[PDB]
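K.L.:
My structure file query_34.pdb, PDB, N, CA and C atoms, is below:
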ATOM      1  N   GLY A 775      11.884  39.771  -1.560  1.00  0.00           N
ATOM      2  CA  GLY A 775      12.895  39.034  -0.755  1.00  0.00           C
ATOM      3  C   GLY A 775      14.162  38.747  -1.539  1.00  0.00           C
ATOM      4  N   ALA A 776      15.022  39.752  -1.654  1.00  0.00           N
ATOM      5  CA  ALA A 776      16.276  39.606  -2.383  1.00  0.00           C
ATOM      6  C   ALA A 776      17.409  39.184  -1.455  1.00  0.00           C
ATOM      7  N   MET A 777      17.090  39.027  -0.174  1.00  0.00           N
ATOM      8  CA  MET A 777      18.083  38.627   0.818  1.00  0.00           C
ATOM      9  C   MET A 777      18.143  37.108   0.952  1.00  0.00           C
ATOM     10  N   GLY A 778      16.974  36.472   0.962  1.00  0.00           N
ATOM     11  CA  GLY A 778      16.916  35.028   1.088  1.00  0.00           C
ATOM     12  C   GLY A 778      16.834  34.574   2.533  1.00  0.00           C
ATOM     13  N   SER A 779      15.684  34.028   2.915  1.00  0.00           N
ATOM     14  CA  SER A 779      15.482  33.555   4.278  1.00  0.00           C
ATOM     15  C   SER A 779      14.952  32.125   4.289  1.00  0.00           C
ATOM     16  N   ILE A 780      15.057  31.469   5.439  1.00  0.00           N
ATOM     17  CA  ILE A 780      14.590  30.096   5.588  1.00  0.00           C
ATOM     18  C   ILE A 780      13.528  29.997   6.676  1.00  0.00           C
ATOM     19  N   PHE A 781      12.810  28.878   6.697  1.00  0.00           N
ATOM     20  CA  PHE A 781      11.769  28.659   7.691  1.00  0.00           C
ATOM     21  C   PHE A 781      11.739  27.198   8.114  1.00  0.00           C
ATOM     22  N   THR A 782      12.589  26.854   9.074  1.00  0.00           N
ATOM     23  CA  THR A 782      12.663  25.487   9.570  1.00  0.00           C
ATOM     24  C   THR A 782      11.857  25.338  10.850  1.00  0.00           C
ATOM     25  N   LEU A 783      10.683  24.740  10.722  1.00  0.00           N
ATOM     26  CA  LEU A 783       9.799  24.532  11.863  1.00  0.00           C
ATOM     27  C   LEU A 783       9.676  23.049  12.186  1.00  0.00           C
ATOM     28  N   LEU A 784       8.695  22.712  13.013  1.00  0.00           N
ATOM     29  CA  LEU A 784       8.456  21.327  13.394  1.00  0.00           C
ATOM     30  C   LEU A 784       7.067  20.897  12.950  1.00  0.00           C
ATOM     31  N   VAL A 785       7.020  19.989  11.987  1.00  0.00           N
ATOM     32  CA  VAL A 785       5.755  19.499  11.461  1.00  0.00           C
ATOM     33  C   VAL A 785       5.438  18.107  11.998  1.00  0.00           C
ATOM     34  N   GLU A 786       4.156  17.751  11.989  1.00  0.00           N
ATOM     35  CA  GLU A 786       3.721  16.446  12.478  1.00  0.00           C
ATOM     36  C   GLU A 786       3.415  15.503  11.318  1.00  0.00           C
ATOM     37  N   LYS A 787       3.200  14.230  11.639  1.00  0.00           N
ATOM     38  CA  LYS A 787       2.891  13.225  10.627  1.00  0.00           C
ATOM     39  C   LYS A 787       1.401  13.237  10.294  1.00  0.00           C
ATOM     40  N   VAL A 788       0.775  14.395  10.477  1.00  0.00           N
ATOM     41  CA  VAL A 788      -0.647  14.555  10.204  1.00  0.00           C
ATOM     42  C   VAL A 788      -0.908  15.866   9.469  1.00  0.00           C
ATOM     43  N   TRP A 789      -0.008  16.824   9.663  1.00  0.00           N
ATOM     44  CA  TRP A 789      -0.130  18.133   9.036  1.00  0.00           C
ATOM     45  C   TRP A 789      -0.324  18.027   7.530  1.00  0.00           C
ATOM     46  N   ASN A 790      -1.412  18.606   7.044  1.00  0.00           N
ATOM     47  CA  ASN A 790      -1.698  18.617   5.617  1.00  0.00           C
ATOM     48  C   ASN A 790      -1.116  19.886   5.011  1.00  0.00           C
ATOM     49  N   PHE A 791      -1.023  19.945   3.689  1.00  0.00           N
ATOM     50  CA  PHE A 791      -0.473  21.129   3.032  1.00  0.00           C
ATOM     51  C   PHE A 791      -1.192  22.379   3.515  1.00  0.00           C
ATOM     52  N   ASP A 792      -2.450  22.214   3.906  1.00  0.00           N
ATOM     53  CA  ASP A 792      -3.235  23.324   4.416  1.00  0.00           C
ATOM     54  C   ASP A 792      -2.687  23.762   5.768  1.00  0.00           C
ATOM     55  N   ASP A 793      -2.620  22.816   6.705  1.00  0.00           N
ATOM     56  CA  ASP A 793      -2.099  23.095   8.038  1.00  0.00           C
ATOM     57  C   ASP A 793      -0.678  23.638   7.946  1.00  0.00           C
ATOM     58  N   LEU A 794       0.061  23.163   6.945  1.00  0.00           N
ATOM     59  CA  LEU A 794       1.432  23.608   6.729  1.00  0.00           C
ATOM     60  C   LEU A 794       1.449  25.092   6.395  1.00  0.00           C
ATOM     61  N   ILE A 795       0.662  25.464   5.393  1.00  0.00           N
ATOM     62  CA  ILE A 795       0.567  26.851   4.962  1.00  0.00           C
ATOM     63  C   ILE A 795       0.155  27.759   6.114  1.00  0.00           C
ATOM     64  N   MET A 796      -0.562  27.206   7.089  1.00  0.00           N
ATOM     65  CA  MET A 796      -0.994  27.986   8.243  1.00  0.00           C
ATOM     66  C   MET A 796       0.204  28.386   9.094  1.00  0.00           C
ATOM     67  N   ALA A 797       1.079  27.422   9.369  1.00  0.00           N
ATOM     68  CA  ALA A 797       2.275  27.683  10.160  1.00  0.00           C
ATOM     69  C   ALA A 797       3.096  28.790   9.511  1.00  0.00           C
ATOM     70  N   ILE A 798       3.410  28.603   8.232  1.00  0.00           N
ATOM     71  CA  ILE A 798       4.169  29.586   7.477  1.00  0.00           C
ATOM     72  C   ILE A 798       3.455  30.931   7.479  1.00  0.00           C
ATOM     73  N   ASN A 799       2.179  30.901   7.116  1.00  0.00           N
ATOM     74  CA  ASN A 799       1.364  32.106   7.059  1.00  0.00           C
ATOM     75  C   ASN A 799       1.356  32.834   8.401  1.00  0.00           C
ATOM     76  N   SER A 800       1.555  32.084   9.480  1.00  0.00           N
ATOM     77  CA  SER A 800       1.572  32.662  10.818  1.00  0.00           C
ATOM     78  C   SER A 800       2.922  33.310  11.107  1.00  0.00           C
ATOM     79  N   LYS A 801       3.949  32.855  10.396  1.00  0.00           N
ATOM     80  CA  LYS A 801       5.295  33.384  10.575  1.00  0.00           C
ATOM     81  C   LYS A 801       5.648  34.378   9.472  1.00  0.00           C
ATOM     82  N   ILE A 802       4.725  34.576   8.534  1.00  0.00           N
ATOM     83  CA  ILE A 802       4.949  35.500   7.427  1.00  0.00           C
ATOM     84  C   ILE A 802       3.950  36.656   7.456  1.00  0.00           C
ATOM     85  N   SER A 803       2.762  36.393   7.987  1.00  0.00           N
ATOM     86  CA  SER A 803       1.718  37.409   8.073  1.00  0.00           C
ATOM     87  C   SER A 803       0.602  36.965   9.015  1.00  0.00           C
ATOM     88  N   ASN A 804       0.793  37.214  10.307  1.00  0.00           N
ATOM     89  CA  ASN A 804      -0.195  36.841  11.314  1.00  0.00           C
ATOM     90  C   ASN A 804      -0.658  38.061  12.102  1.00  0.00           C
ATOM     91  N   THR A 805       0.116  39.139  12.021  1.00  0.00           N
ATOM     92  CA  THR A 805      -0.212  40.374  12.726  1.00  0.00           C
ATOM     93  C   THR A 805      -1.156  41.244  11.905  1.00  0.00           C
ATOM     94  N   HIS A 806      -2.189  41.766  12.559  1.00  0.00           N
ATOM     95  CA  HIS A 806      -3.164  42.619  11.890  1.00  0.00           C
ATOM     96  C   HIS A 806      -2.908  44.090  12.207  1.00  0.00           C
ATOM     97  N   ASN A 807      -2.321  44.799  11.249  1.00  0.00           N
ATOM     98  CA  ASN A 807      -2.023  46.216  11.423  1.00  0.00           C
ATOM     99  C   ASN A 807      -2.776  47.056  10.397  1.00  0.00           C
ATOM    100  N   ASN A 808      -2.361  46.953   9.139  1.00  0.00           N
ATOM    101  CA  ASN A 808      -2.994  47.697   8.057  1.00  0.00           C
ATOM    102  C   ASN A 808      -3.282  46.783   6.869  1.00  0.00           C
ATOM    103  N   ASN A 809      -2.226  46.415   6.151  1.00  0.00           N
ATOM    104  CA  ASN A 809      -2.358  45.539   4.992  1.00  0.00           C
ATOM    105  C   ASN A 809      -1.351  44.397   5.064  1.00  0.00           C
ATOM    106  N   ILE A 810      -1.807  43.191   4.743  1.00  0.00           N
ATOM    107  CA  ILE A 810      -0.947  42.014   4.777  1.00  0.00           C
ATOM    108  C   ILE A 810      -0.880  41.334   3.413  1.00  0.00           C
ATOM    109  N   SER A 811       0.152  40.520   3.217  1.00  0.00           N
ATOM    110  CA  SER A 811       0.336  39.803   1.959  1.00  0.00           C
ATOM    111  C   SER A 811       0.784  38.365   2.218  1.00  0.00           C
ATOM    112  N   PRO A 812      -0.168  37.413   2.250  1.00  0.00           N
ATOM    113  CA  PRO A 812       0.137  36.000   2.493  1.00  0.00           C
ATOM    114  C   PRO A 812       0.814  35.335   1.297  1.00  0.00           C
ATOM    115  N   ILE A 813       1.054  34.030   1.411  1.00  0.00           N
ATOM    116  CA  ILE A 813       1.692  33.269   0.342  1.00  0.00           C
ATOM    117  C   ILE A 813       1.129  31.854   0.270  1.00  0.00           C
ATOM    118  N   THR A 814       1.512  31.119  -0.770  1.00  0.00           N
ATOM    119  CA  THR A 814       1.044  29.749  -0.954  1.00  0.00           C
ATOM    120  C   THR A 814       2.131  28.871  -1.565  1.00  0.00           C
ATOM    121  N   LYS A 815       2.674  29.309  -2.696  1.00  0.00           N
ATOM    122  CA  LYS A 815       3.727  28.561  -3.380  1.00  0.00           C
ATOM    123  C   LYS A 815       5.087  28.845  -2.751  1.00  0.00           C
ATOM    124  N   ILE A 816       5.685  27.817  -2.156  1.00  0.00           N
ATOM    125  CA  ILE A 816       6.989  27.956  -1.515  1.00  0.00           C
ATOM    126  C   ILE A 816       7.904  26.785  -1.859  1.00  0.00           C
ATOM    127  N   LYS A 817       9.181  26.920  -1.511  1.00  0.00           N
ATOM    128  CA  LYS A 817      10.165  25.874  -1.772  1.00  0.00           C
ATOM    129  C   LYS A 817      10.614  25.229  -0.466  1.00  0.00           C
ATOM    130  N   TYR A 818      11.292  24.091  -0.568  1.00  0.00           N
ATOM    131  CA  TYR A 818      11.773  23.387   0.618  1.00  0.00           C
ATOM    132  C   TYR A 818      13.056  22.617   0.325  1.00  0.00           C
ATOM    133  N   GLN A 819      13.865  22.419   1.361  1.00  0.00           N
ATOM    134  CA  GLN A 819      15.122  21.703   1.234  1.00  0.00           C
ATOM    135  C   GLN A 819      14.880  20.207   1.149  1.00  0.00           C
ATOM    136  N   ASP A 820      15.082  19.668  -0.039  1.00  0.00           N
ATOM    137  CA  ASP A 820      14.888  18.242  -0.278  1.00  0.00           C
ATOM    138  C   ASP A 820      16.082  17.440   0.231  1.00  0.00           C
ATOM    139  N   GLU A 821      16.008  16.121   0.079  1.00  0.00           N
ATOM    140  CA  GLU A 821      17.079  15.238   0.528  1.00  0.00           C
ATOM    141  C   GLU A 821      18.185  15.140  -0.520  1.00  0.00           C
ATOM    142  N   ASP A 822      18.448  16.249  -1.203  1.00  0.00           N
ATOM    143  CA  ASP A 822      19.483  16.285  -2.231  1.00  0.00           C
ATOM    144  C   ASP A 822      20.356  17.527  -2.084  1.00  0.00           C
ATOM    145  N   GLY A 823      20.280  18.163  -0.920  1.00  0.00           N
ATOM    146  CA  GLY A 823      21.067  19.357  -0.674  1.00  0.00           C
ATOM    147  C   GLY A 823      20.730  20.477  -1.639  1.00  0.00           C
ATOM    148  N   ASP A 824      19.438  20.716  -1.833  1.00  0.00           N
ATOM    149  CA  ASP A 824      18.976  21.762  -2.736  1.00  0.00           C
ATOM    150  C   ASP A 824      17.462  21.913  -2.654  1.00  0.00           C
ATOM    151  N   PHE A 825      17.006  23.156  -2.564  1.00  0.00           N
ATOM    152  CA  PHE A 825      15.579  23.445  -2.481  1.00  0.00           C
ATOM    153  C   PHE A 825      14.871  23.050  -3.772  1.00  0.00           C
ATOM    154  N   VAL A 826      13.636  22.575  -3.644  1.00  0.00           N
ATOM    155  CA  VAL A 826      12.852  22.167  -4.801  1.00  0.00           C
ATOM    156  C   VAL A 826      11.466  22.800  -4.769  1.00  0.00           C
ATOM    157  N   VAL A 827      10.659  22.506  -5.784  1.00  0.00           N
ATOM    158  CA  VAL A 827       9.313  23.060  -5.873  1.00  0.00           C
ATOM    159  C   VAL A 827       8.270  22.068  -5.378  1.00  0.00           C
ATOM    160  N   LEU A 828       7.627  22.412  -4.267  1.00  0.00           N
ATOM    161  CA  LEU A 828       6.598  21.561  -3.681  1.00  0.00           C
ATOM    162  C   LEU A 828       5.240  21.840  -4.317  1.00  0.00           C
ATOM    163  N   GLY A 829       4.549  20.778  -4.718  1.00  0.00           N
ATOM    164  CA  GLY A 829       3.246  20.932  -5.339  1.00  0.00           C
ATOM    165  C   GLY A 829       2.153  21.236  -4.335  1.00  0.00           C
ATOM    166  N   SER A 830       1.833  20.253  -3.497  1.00  0.00           N
ATOM    167  CA  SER A 830       0.795  20.414  -2.486  1.00  0.00           C
ATOM    168  C   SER A 830       0.807  19.233  -1.521  1.00  0.00           C
ATOM    169  N   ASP A 831      -0.376  18.739  -1.164  1.00  0.00           N
ATOM    170  CA  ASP A 831      -0.489  17.606  -0.253  1.00  0.00           C
ATOM    171  C   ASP A 831       0.327  16.423  -0.762  1.00  0.00           C
ATOM    172  N   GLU A 832       0.496  16.353  -2.081  1.00  0.00           N
ATOM    173  CA  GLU A 832       1.259  15.273  -2.697  1.00  0.00           C
ATOM    174  C   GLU A 832       2.718  15.322  -2.262  1.00  0.00           C
ATOM    175  N   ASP A 833       3.432  16.351  -2.708  1.00  0.00           N
ATOM    176  CA  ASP A 833       4.838  16.514  -2.359  1.00  0.00           C
ATOM    177  C   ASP A 833       4.998  16.733  -0.861  1.00  0.00           C
ATOM    178  N   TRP A 834       3.882  16.971  -0.179  1.00  0.00           N
ATOM    179  CA  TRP A 834       3.914  17.182   1.261  1.00  0.00           C
ATOM    180  C   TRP A 834       3.932  15.843   1.989  1.00  0.00           C
ATOM    181  N   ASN A 835       3.129  14.903   1.502  1.00  0.00           N
ATOM    182  CA  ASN A 835       3.066  13.572   2.092  1.00  0.00           C
ATOM    183  C   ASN A 835       4.323  12.785   1.741  1.00  0.00           C
ATOM    184  N   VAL A 836       4.924  13.132   0.606  1.00  0.00           N
ATOM    185  CA  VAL A 836       6.145  12.479   0.154  1.00  0.00           C
ATOM    186  C   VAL A 836       7.340  13.033   0.911  1.00  0.00           C
ATOM    187  N   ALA A 837       7.457  14.360   0.929  1.00  0.00           N
ATOM    188  CA  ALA A 837       8.545  15.018   1.637  1.00  0.00           C
ATOM    189  C   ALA A 837       8.528  14.632   3.110  1.00  0.00           C
ATOM    190  N   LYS A 838       7.330  14.361   3.626  1.00  0.00           N
ATOM    191  CA  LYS A 838       7.166  13.969   5.020  1.00  0.00           C
ATOM    192  C   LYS A 838       7.793  12.602   5.266  1.00  0.00           C
ATOM    193  N   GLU A 839       7.460  11.641   4.408  1.00  0.00           N
ATOM    194  CA  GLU A 839       7.998  10.289   4.526  1.00  0.00           C
ATOM    195  C   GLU A 839       9.517  10.311   4.398  1.00  0.00           C
ATOM    196  N   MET A 840      10.027  11.339   3.727  1.00  0.00           N
ATOM    197  CA  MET A 840      11.464  11.495   3.534  1.00  0.00           C
ATOM    198  C   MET A 840      12.124  11.979   4.821  1.00  0.00           C
ATOM    199  N   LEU A 841      11.398  12.802   5.571  1.00  0.00           N
ATOM    200  CA  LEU A 841      11.903  13.339   6.829  1.00  0.00           C
ATOM    201  C   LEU A 841      11.994  12.245   7.888  1.00  0.00           C
ATOM    202  N   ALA A 842      10.927  11.463   8.017  1.00  0.00           N
ATOM    203  CA  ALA A 842      10.887  10.380   8.993  1.00  0.00           C
ATOM    204  C   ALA A 842      11.656   9.162   8.502  1.00  0.00           C
ATOM    205  N   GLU A 843      12.164   9.235   7.275  1.00  0.00           N
ATOM    206  CA  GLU A 843      12.930   8.135   6.701  1.00  0.00           C
ATOM    207  C   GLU A 843      14.207   7.910   7.503  1.00  0.00           C
ATOM    208  N   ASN A 844      14.425   8.767   8.495  1.00  0.00           N
ATOM    209  CA  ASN A 844      15.601   8.676   9.350  1.00  0.00           C
ATOM    210  C   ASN A 844      15.254   9.099  10.774  1.00  0.00           C
ATOM    211  N   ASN A 845      15.065  10.402  10.963  1.00  0.00           N
ATOM    212  CA  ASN A 845      14.723  10.953  12.271  1.00  0.00           C
ATOM    213  C   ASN A 845      14.547  12.468  12.195  1.00  0.00           C
ATOM    214  N   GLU A 846      14.155  12.959  11.021  1.00  0.00           N
ATOM    215  CA  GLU A 846      13.954  14.389  10.823  1.00  0.00           C
ATOM    216  C   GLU A 846      12.474  14.747  10.900  1.00  0.00           C
ATOM    217  N   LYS A 847      12.185  15.907  11.481  1.00  0.00           N
ATOM    218  CA  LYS A 847      10.810  16.372  11.616  1.00  0.00           C
ATOM    219  C   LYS A 847      10.689  17.829  11.185  1.00  0.00           C
ATOM    220  N   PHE A 848      11.825  18.512  11.104  1.00  0.00           N
ATOM    221  CA  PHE A 848      11.843  19.913  10.706  1.00  0.00           C
ATOM    222  C   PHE A 848      11.850  20.053   9.188  1.00  0.00           C
ATOM    223  N   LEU A 849      11.177  21.088   8.697  1.00  0.00           N
ATOM    224  CA  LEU A 849      11.099  21.344   7.265  1.00  0.00           C
ATOM    225  C   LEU A 849      11.589  22.755   6.945  1.00  0.00           C
ATOM    226  N   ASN A 850      12.475  22.853   5.955  1.00  0.00           N
ATOM    227  CA  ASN A 850      13.042  24.137   5.545  1.00  0.00           C
ATOM    228  C   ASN A 850      12.192  24.793   4.459  1.00  0.00           C
ATOM    229  N   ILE A 851      12.255  26.122   4.389  1.00  0.00           N
ATOM    230  CA  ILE A 851      11.491  26.874   3.397  1.00  0.00           C
ATOM    231  C   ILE A 851      12.332  27.983   2.769  1.00  0.00           C
ATOM    232  N   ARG A 852      11.922  28.441   1.590  1.00  0.00           N
ATOM    233  CA  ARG A 852      12.640  29.507   0.894  1.00  0.00           C
ATOM    234  C   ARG A 852      11.688  30.630   0.495  1.00  0.00           C
ATOM    235  N   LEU A 853      12.253  31.785   0.161  1.00  0.00           N
ATOM    236  CA  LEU A 853      11.455  32.937  -0.242  1.00  0.00           C
ATOM    237  C   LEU A 853      11.957  33.510  -1.565  1.00  0.00           C
ATOM    238  N   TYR A 854      11.600  32.850  -2.660  1.00  0.00           N
ATOM    239  CA  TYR A 854      12.012  33.293  -3.989  1.00  0.00           C
ATOM    240  C   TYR A 854      11.116  34.422  -4.489  1.00  0.00           C
TER     241      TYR A 854
END
How does this structure look as structure tokens?
P.N.:
Amino acid sequence: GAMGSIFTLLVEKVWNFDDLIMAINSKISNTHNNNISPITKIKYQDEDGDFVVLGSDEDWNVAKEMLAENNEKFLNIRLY
């Protein structure tokens, strides 16, 4: 991915890092044709105008509280 793409979806206040990876995995590799290549480690647009490195359920529960800290529910993603 030398072009650079984003993934802004709608997450809930219950979605775990697992459920999160499912959404992405469904938008990155959900079709069964021949061979697929899923992912796990991804980046997200933090509240500082710059993508950061998300750990797991930890940075997920934190990043979540940051979204609802105002009125945001969508989460951005990167493909490094």
K.L.:
How many Å lie between atom C of residue 790 of chain A and atom N of residue 829 of chain A, rounded to one decimal?
P.N.:
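Here the two named atoms are 11.3 Å from each other.
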K.L.:
Find the spatial neighbours of segment 794-797 of chain A, counting only C-alpha atoms, within a cut-off of 9 Å - ignore same-chain residues fewer than 4 positions away - and output them as a ChimeraX atom specification.
P.N.:
/A:783,785,789-790,801-802,813-814,834
K.L.:
Please, what distance in Å, to one decimal, runs between atom CA of residue 816 of chain A and atom CA of residue 786 of chain A?
P.N.:
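Pair atom CA of residue 816 of chain A / atom CA of residue 786 of chain A returns 18.4 Å.
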K.L.:
Go through the shown structure with the PyMOL selection byres ((chain A and resi 818-821) around 8) and write out the matching residues as a PyMOL selection string.
P.N.:
chain A and resi 816-817+822-828+837+840-841+849-853
K.L.:
Residues as selected, N, CA and C atoms, written as a PDB file, in the frame of the given file, can you do that?
P.N.:
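What landed in out-v6.pdb:
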ATOM      1  N   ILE A 816       5.685  27.817  -2.156  1.00  0.00           N
ATOM      2  CA  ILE A 816       6.989  27.956  -1.515  1.00  0.00           C
ATOM      3  C   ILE A 816       7.904  26.785  -1.859  1.00  0.00           C
ATOM      4  N   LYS A 817       9.181  26.920  -1.511  1.00  0.00           N
ATOM      5  CA  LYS A 817      10.165  25.874  -1.772  1.00  0.00           C
ATOM      6  C   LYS A 817      10.614  25.229  -0.466  1.00  0.00           C
ATOM      7  N   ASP A 822      18.448  16.249  -1.203  1.00  0.00           N
ATOM      8  CA  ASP A 822      19.483  16.285  -2.231  1.00  0.00           C
ATOM      9  C   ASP A 822      20.356  17.527  -2.084  1.00  0.00           C
ATOM     10  N   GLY A 823      20.280  18.163  -0.920  1.00  0.00           N
ATOM     11  CA  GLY A 823      21.067  19.357  -0.674  1.00  0.00           C
ATOM     12  C   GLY A 823      20.730  20.477  -1.639  1.00  0.00           C
ATOM     13  N   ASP A 824      19.438  20.716  -1.833  1.00  0.00           N
ATOM     14  CA  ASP A 824      18.976  21.762  -2.736  1.00  0.00           C
ATOM     15  C   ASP A 824      17.462  21.913  -2.654  1.00  0.00           C
ATOM     16  N   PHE A 825      17.006  23.156  -2.564  1.00  0.00           N
ATOM     17  CA  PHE A 825      15.579  23.445  -2.481  1.00  0.00           C
ATOM     18  C   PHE A 825      14.871  23.050  -3.772  1.00  0.00           C
ATOM     19  N   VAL A 826      13.636  22.575  -3.644  1.00  0.00           N
ATOM     20  CA  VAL A 826      12.852  22.167  -4.801  1.00  0.00           C
ATOM     21  C   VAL A 826      11.466  22.800  -4.769  1.00  0.00           C
ATOM     22  N   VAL A 827      10.659  22.506  -5.784  1.00  0.00           N
ATOM     23  CA  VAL A 827       9.313  23.060  -5.873  1.00  0.00           C
ATOM     24  C   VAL A 827       8.270  22.068  -5.378  1.00  0.00           C
ATOM     25  N   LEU A 828       7.627  22.412  -4.267  1.00  0.00           N
ATOM     26  CA  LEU A 828       6.598  21.561  -3.681  1.00  0.00           C
ATOM     27  C   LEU A 828       5.240  21.840  -4.317  1.00  0.00           C
ATOM     28  N   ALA A 837       7.457  14.360   0.929  1.00  0.00           N
ATOM     29  CA  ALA A 837       8.545  15.018   1.637  1.00  0.00           C
ATOM     30  C   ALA A 837       8.528  14.632   3.110  1.00  0.00           C
ATOM     31  N   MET A 840      10.027  11.339   3.727  1.00  0.00           N
ATOM     32  CA  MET A 840      11.464  11.495   3.534  1.00  0.00           C
ATOM     33  C   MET A 840      12.124  11.979   4.821  1.00  0.00           C
ATOM     34  N   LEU A 841      11.398  12.802   5.571  1.00  0.00           N
ATOM     35  CA  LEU A 841      11.903  13.339   6.829  1.00  0.00           C
ATOM     36  C   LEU A 841      11.994  12.245   7.888  1.00  0.00           C
ATOM     37  N   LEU A 849      11.177  21.088   8.697  1.00  0.00           N
ATOM     38  CA  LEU A 849      11.099  21.344   7.265  1.00  0.00           C
ATOM     39  C   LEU A 849      11.589  22.755   6.945  1.00  0.00           C
ATOM     40  N   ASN A 850      12.475  22.853   5.955  1.00  0.00           N
ATOM     41  CA  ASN A 850      13.042  24.137   5.545  1.00  0.00           C
ATOM     42  C   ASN A 850      12.192  24.793   4.459  1.00  0.00           C
ATOM     43  N   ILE A 851      12.255  26.122   4.389  1.00  0.00           N
ATOM     44  CA  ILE A 851      11.491  26.874   3.397  1.00  0.00           C
ATOM     45  C   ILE A 851      12.332  27.983   2.769  1.00  0.00           C
ATOM     46  N   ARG A 852      11.922  28.441   1.590  1.00  0.00           N
ATOM     47  CA  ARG A 852      12.640  29.507   0.894  1.00  0.00           C
ATOM     48  C   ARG A 852      11.688  30.630   0.495  1.00  0.00           C
ATOM     49  N   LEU A 853      12.253  31.785   0.161  1.00  0.00           N
ATOM     50  CA  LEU A 853      11.455  32.937  -0.242  1.00  0.00           C
ATOM     51  C   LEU A 853      11.957  33.510  -1.565  1.00  0.00           C
TER      52      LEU A 853
END
K.L.:
Please return as a list in words: the residues of chain A that backbone DSSP assigns to alpha helix (DSSP H).
P.N.:
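DSSP-assigned alpha helix (DSSP H) residues in chain A: residues 791, 792, 793, 794, 795, 796, 797, 798, 799, 800, 801, 802, 831, 832, 833, 834, 835, 836, 837, 838, 839, 840 and 841 of chain A.
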K.L.:
Taking into account all atoms listed in the file, which residue in the set A:848, A:815, A:830, A:835 is nearest to residue 781 of chain A?
P.N.:
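Residue with the minimum atom-to-atom distance to residue 781 of chain A: A:848.
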K.L.:
Please report, as a list in words, each residue of chain A to which DSSP assigns strand (DSSP E) when run on this structure's backbone.
P.N.:
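Checking each residue of chain A, the strand (DSSP E) ones are residues 783, 784, 817, 818, 819, 825, 826, 827, 848 and 849 of chain A.
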K.L.:
Can you tell me how far atom C of residue 854 of chain A sits from atom C of residue 838 of chain A, in Å to one decimal?
P.N.:
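Result for atom C of residue 854 of chain A versus atom C of residue 838 of chain A: 24.1 Å, one decimal.
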K.L.:
Of the candidates A:787, A:811, A:782, A:777, which shows the shortest atom-to-atom distance to residue 839 of chain A, using only C-alpha atoms?
P.N.:
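Smallest distance to residue 839 of chain A is found for A:787.
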K.L.:
Just checking: using only N, CA and C atoms, which residue out of A:844, A:812, A:833, A:784 ends up closest to residue 799 of chain A?
P.N.:
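Among the listed residues, A:812 lies closest to residue 799 of chain A.
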